[PDB]
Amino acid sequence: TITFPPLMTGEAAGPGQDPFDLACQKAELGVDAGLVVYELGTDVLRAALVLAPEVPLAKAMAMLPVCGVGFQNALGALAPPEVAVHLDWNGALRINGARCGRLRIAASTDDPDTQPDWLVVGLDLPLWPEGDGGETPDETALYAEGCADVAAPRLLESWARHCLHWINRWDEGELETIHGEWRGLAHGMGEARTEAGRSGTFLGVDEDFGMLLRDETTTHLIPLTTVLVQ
């Protein structure tokens, strides 16, 4: 039994359905915020949250870092303390330095100025490595990294709970604290980076979590809207 906070609604994905796709489909059909679509296998955990923040898209993109912090907190509550989680700006997850899943984000609009009707954040997390020869960016899997005592259902519940904590704080105006939490977890800050066909040093982020990428002569601003799933 998967128990979510009050006013979150869990829905297991059925045949032909995957969580991120289904949550987006349901969101476009008018299903409200608070839906958590999930799909658990022995080798993978997928889940997706439907949100509706009443701000322009530019600002609603903070839901990605917010749910990343949620995930880091959720795994830290369940895993051995030596397991390090870092968050890539683009939503990729790293466990003990290795690519191990990702957070995805979609919304009802791609205009930075428009308030979206909906936004969905999806988690994909490998639990055991898939060795079938399917193309993957993942370099490890959760249970390969010392987290064998972490149950997938409990991790899902915990992600939902910690995401809700940070989303509520974001709503109460605590963006600055969120920025600080996220900066401490950010992968590769201060280091070389290629992004959106540009290269430089990942200097940090602006208030809307846009990447500041400094090359030899200029600083590029890459808005976080660029990672929206099209």
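Just count from 1 along the sequence shown to find any residue number.
Would you determine, from the values in the PDB entry, which of 115 to 123 and 79 to 87 has the greater average C-alpha temperature factor?
The deposited B-factors put 79 to 87 ahead on the C-alpha mean.
Looking at the deposited entry, does 97 to 105 or 135 to 143 carry the larger mean Cα B-factor?
It is 135 to 143 that shows the higher mean C-alpha B-factor.
Highest recorded C-alpha temperature factor, please, choosing from 49, 167, 64, 189.
So the option with the highest C-alpha B-factor is 189.
Highest recorded Cα temperature factor - choice among 45, 163, 196, 57:
Across 45, 163, 196, 57, the entry lists the biggest C-alpha B-factor for 196.
For residue 40, does the deposited CA B-factor place it in the lowest, middle or highest third of the chain?
As the PDB entry reports it, the C-alpha B-factor of residue 40 lands in the lowest third of its chain.
Residue 70 - Cα temperature factor, lowest/middle/highest third of chain
Its C-alpha B-factor belongs to the lowest third of this chain's values.
What third of its chain, lowest, middle or highest, does the C-alpha temperature factor of residue 156 fall into?
It belongs to the lowest third of the chain when residues are ordered by C-alpha B-factor.
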